[PDB]
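Next up is one chain by itself, shown in structure tokens, the form deposited in one PDB entry.
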């Protein structure tokens, strides 16, 4: 019998291909599935939550600062899906554990997880560049969600990352260049292999998107972006939402360990 070089828990090989719909549009359906989206009281995370609701999923919403029950109640009126909001401090392991357990018990499972790590940046008494992904909350999130995925034998986990050309740090790897994307890719490629018997794991790397994350900058700094972006502009949040659905749905049942770049072309070797 043929045994994996990557993970002997896959069993005798080959693992056997899923049964997909004959129709490509059905592949993108999240009807019947439960998504848990962090950072979904604004910016990317909200945009993704609403798309997932449009695709038929029940959506768990994460807030902390400003309550998001009206966003949850809006997903129900508008789309007739189940949605509840959860107050959680994403960097507290005990509440990330508490909150996932609460969502599983409330929805019955979690099929799709989007880890949107919260973002800071300094401000003293004074300003005139460097933003920070809280990778630790990603870690706590994936540790918890992985357990559920194993027990159910199915799961998609998307980690929001970044492009190399954006100076994005993690709190324990501060530098004047991007350190966060190597850290996310590592965390992603590692889980992809570990979780291979039961889940796919992937990253979305947005570029410069007109949203609460870069909407600290001035029109003069934003101008430096448009000049370097081959498409000549910033992205809209509605231009990431399709990729977050590609990765979460049965459209990507062979896609794991990957990074889909949505940056208007900014990467470019």
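Residue numbers count along the first chain shown, from 1.
Just so you know, the form deposited with a small molecule bound exists too; it's not on screen, but the next bit is about it.
Screening 163, 100, 85, 192 for any heavy atom within 4.5 Å of the small molecule in the entry with it bound leaves a single hit, 163.
Judged against the small molecule in the entry with it bound with a 4.5 angstroms heavy atom cut-off, the residues 185, 247 and 250 are out of contact without exception. Residue contact check for residue 221: one or more of its heavy atoms lie within 4.5 Å of the small molecule in the entry with it bound. Put simply, residue 213 is close to the small molecule in the entry with it bound: some heavy atom of it is within 4.5 Å. Residue contact with the small molecule in the entry with it bound: residue 142 places no heavy atom within 4.5 Å of it. Interface membership of residue 169, defined by any non-hydrogen atom within 4.5 Å of the small molecule in the entry with it bound, is confirmed. Here the chain stands by itself, but in the entry with it bound one stretch of 171-179, 143-151, 103-111, 73-81, 171-179, has heavy atoms within 4.5 Å of the small molecule.
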